Amino acid sequence: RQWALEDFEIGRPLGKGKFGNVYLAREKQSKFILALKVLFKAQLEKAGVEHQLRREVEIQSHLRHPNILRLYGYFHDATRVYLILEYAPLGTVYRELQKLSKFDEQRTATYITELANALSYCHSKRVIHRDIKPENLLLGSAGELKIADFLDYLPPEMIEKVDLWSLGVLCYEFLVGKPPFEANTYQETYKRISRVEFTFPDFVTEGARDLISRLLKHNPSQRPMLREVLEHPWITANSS
Ligand SMILES: CNc1nccc(-c2cccnc2Oc2ccc(NC(=O)Nc3cccc(C(F)(F)F)c3)cc2C)n1
């Protein structure tokens, strides 16, 4: 397939992102609704990520999972790069979280389940996802989470099995409304993650504390496998 900008009808802006604006779009060849990101060669060059982007897209093109935001393909012209992406009608988990302040245990477990299934898919094909932020987590029409990930969220080994640490930080944030190691200073945040200093408010149930505590280990090897997250009693009791 040899894509071009002529193949799409451009609709409303969906906001700014890292290295370009994202627009609602509709492909003339199929009438199908999607999202189009516009990037700039000069901006990608000035930083030095042009080679990292070309790799990410090649990997991203070969991933078919309902909990990963689909990259249908890509193209470029003289001065721009274009990503053809699945549109997520329900927005970000980030925005939802600040709207709702926090999530109950059914919403959290269901999300973690969805994440762990997407992270399992990627494991069975030797693809590794680093840190995962709520900003990179999008929502489809049926409310299902979709990963759009091509300090507070980084494990101790990346600042001094990364998937699992991310699952633990998110599970905490979803229920509590703030990341577990957040502090007023970058140095204080550093100390928290390195020493793994988190405390639960009174309302976090014991089953959730067991999962989070097993996920937030300093030693990467002592973190559970993704199957063990999916079979955890708290997860299966609360997931839809
Ligand atoms: C509302 N529904 C909806 N639906 C689909 C999209 C959006 C969307 C909207 C606004 C912004 N990003 C949006 O989606 C994204 C689109 C790509 C990316 N990833 C990305 O830009 N990665 C990226 C870039 C440069 C260099 C690099 C590199 F190579 F350096 F790592 C890696 C991440 C998001 C989150 N929104």
Side-chain angles (χ1 to χ4, degrees), residues 67 92-120 122 127-129 131-132 134-139 145 147-183 185 188-239:
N67 298 304
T92 71
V93 170
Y94 180 77
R95 224 282 104 151
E96 181 180 44
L97 194 61
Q98 81 200 159
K99 202 160 291 181
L100 310 183
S101 184
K102 52 185 195 136
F103 306 151
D104 70 357
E105 297 188 295
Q106 188 180 318
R107 180 101 69 170
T108 305
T110 312
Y111 282 172
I112 296 298
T113 301
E114 284 159 20
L115 277 161
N117 286 331
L119 298 177
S120 289
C122 292
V127 193
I128 311 299
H129 286 268
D131 55 300
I132 310 165
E135 294 102 295
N136 306 310
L137 298 176
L138 308 192
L139 296 165
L145 167 151
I147 311 170
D149 214 296
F150 277 45
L151 187 73
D152 294 50
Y153 299 92
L154 301 168
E157 64 266 34
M158 285 183 71
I159 67 160
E160 287 164 349
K161 306 301 272 197
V162 179
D163 282 342
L164 289 314
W165 180 276
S166 291
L167 255 24
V169 174
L170 287 163
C171 190
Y172 182 102
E173 187 170 359
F174 293 166
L175 299 156
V176 184
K178 57 162 164 283
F181 304 103
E182 188 195 72
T185 311
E188 192 59 74
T189 309
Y190 185 94
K191 289 185 179 177
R192 295 276 211 85
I193 305 163
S194 181
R195 302 165 178 179
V196 204
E197 291 175 1
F198 61 93
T199 59
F200 305 100
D202 288 326
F203 70 80
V204 173
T205 65
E206 290 305 317
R209 299 183 187 212
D210 190 77
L211 184 63
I212 294 158
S213 295
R214 288 193 208 280
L215 257 18
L216 301 179
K217 305 289 283 185
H218 187 265
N219 191 157
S221 301
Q222 288 178 172
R223 289 165 201 156
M225 228 85 90
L226 293 162
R227 77 234 279 161
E228 293 177 293
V229 180
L230 291 164
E231 290 175 70
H232 186 99
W234 189 80
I235 291 294
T236 59
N238 296 282
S239 196

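Just the heavy atoms: all of them, side chains too, but no hydrogens, waters or symmetry mates, feed the values below. Index from 1, following the sequence.
- No side-chain heavy atom of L175 sits under 4.5 Å from any side-chain heavy atom of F200.
- We find the CD-CG distance between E135 and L97 to be 10.0 Å, quoted to the nearest 0.5 Å.
- Interatomic distance, CG of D163 versus CG of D131, reported as 10.5 Å (0.5 Å rounding).
- Closest non-hydrogen pair, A208 versus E105, comes out as CB-OE2, 4.4 Å.
- The minimum heavy-atom distance between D202 and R209, with the atom names listed, is O-NH2, 3.5 Å.
- Taking each heavy atom of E197 and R195 in turn, the nearest pair found is OE2-CD, 3.3 Å.
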I'd like to know whether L167 forms a side chain to side chain contact (heavy atoms under 4.5 Å, CB included) with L226, so could you lay out the CA-CA distance, the side-chain angles of the two residues, the decisive distance to 0.1 Å, and finally the verdict. CA-CA 10 Å; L167 255 24; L226 293 162; 3.7 Å; yes

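- Here the CZ-OG1 distance, from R192 to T185, works out to 10.5 Å after rounding to the nearest 0.5 Å.
- A donor-acceptor distance shorter than 3.5 angstrom exists from the side chain of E228 to the backbone of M225, with no hydrogens or angles considered.
- Under the 4.5 Å side-chain criterion, counting only non-hydrogen atoms from C-beta, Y172 is not in contact with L216.
- Checking side-chain atoms of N136 against main-chain N and O of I132 turns up no donor-acceptor pair under 3.5 Å.
- Taking CZ of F174 as the start and CD1 of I212 as the end, the distance is 11.0 Å to the nearest 0.5 Å.
- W165 has its ring centre no less than 6.0 Å from the ring centre of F198.
- A donor-acceptor distance shorter than 3.5 angstrom exists from the side chain of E114 to the backbone of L145, with no hydrogens or angles considered.
- A donor-acceptor pair under 3.5 Å is formed between the side chain of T92 and the backbone N or O of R95.
- Looking only at distances, no side-chain donor or acceptor of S194 sits under 3.5 Å from a matching main-chain atom of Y190.
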Side chain to side chain contact (heavy atoms under 4.5 Å, CB included) between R107 and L100, intermediate numbers included: CA-CA 11 Å; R107 180 101 69 170; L100 310 183; 3.5 Å; yes

Quick one, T108 with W234, criterion side chain to side chain contact (heavy atoms under 4.5 Å, CB included). Give me CA distance, side-chain angles, the key distance, then yes/no. CA-CA 10 Å; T108 305; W234 189 80; 4.0 Å; yes

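- Between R223 and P156, the shortest heavy-atom contact is NH2-CD, 3.9 Å.
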Please report the C-alpha distance between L119 and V229 in whole Å, then the side-chain angles of each, then the deciding distance to 0.1 Å, and finally whether the side chain to side chain contact (heavy atoms under 4.5 Å, CB included) criterion is met. CA-CA 11 Å; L119 298 177; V229 180; over 6 Å; no

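- Within the 4.5 Å cutoff, side-chain heavy atoms of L211 are placed close to those of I235.
- Contact annotation: the side chain of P224 approaches that of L215 to within less than 4.5 Å [non-hydrogen atoms, C-beta and beyond].
- Note that the CE atom of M158 and the OH atom of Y153 stand 14.5 Å from one another [nearest 0.5 Å].
- In this structure the side chain of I128 never reaches within 4.5 angstrom of the side chain of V162, judged on heavy atoms.
- For the side-chain contact (heavy atoms from CB on, under 4.5 Å) criterion with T113, the lone passing option out of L230, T236, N67 is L230.
- Between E182 and the choices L151, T189, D152, the side-chain contact (heavy atoms from CB on, under 4.5 Å) rule is met once, by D152.
- Counting heavy atoms from C-beta outward, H129 and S166 have side chains that stay 4.5 Å or more apart.
- Summarising the geometry, atom CG belonging to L138 is positioned 11.5 Å from atom CD belonging to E96; distances are rounded to the nearest 0.5 Å.
- When the shell of 6.0 Å around CZ of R227 is examined, it contains 12 or fewer heavy atoms from other residues, nucleotides or ligands.
- Closest approach of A183 to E188, counting heavy atoms only: CB-CG, 3.6 Å.
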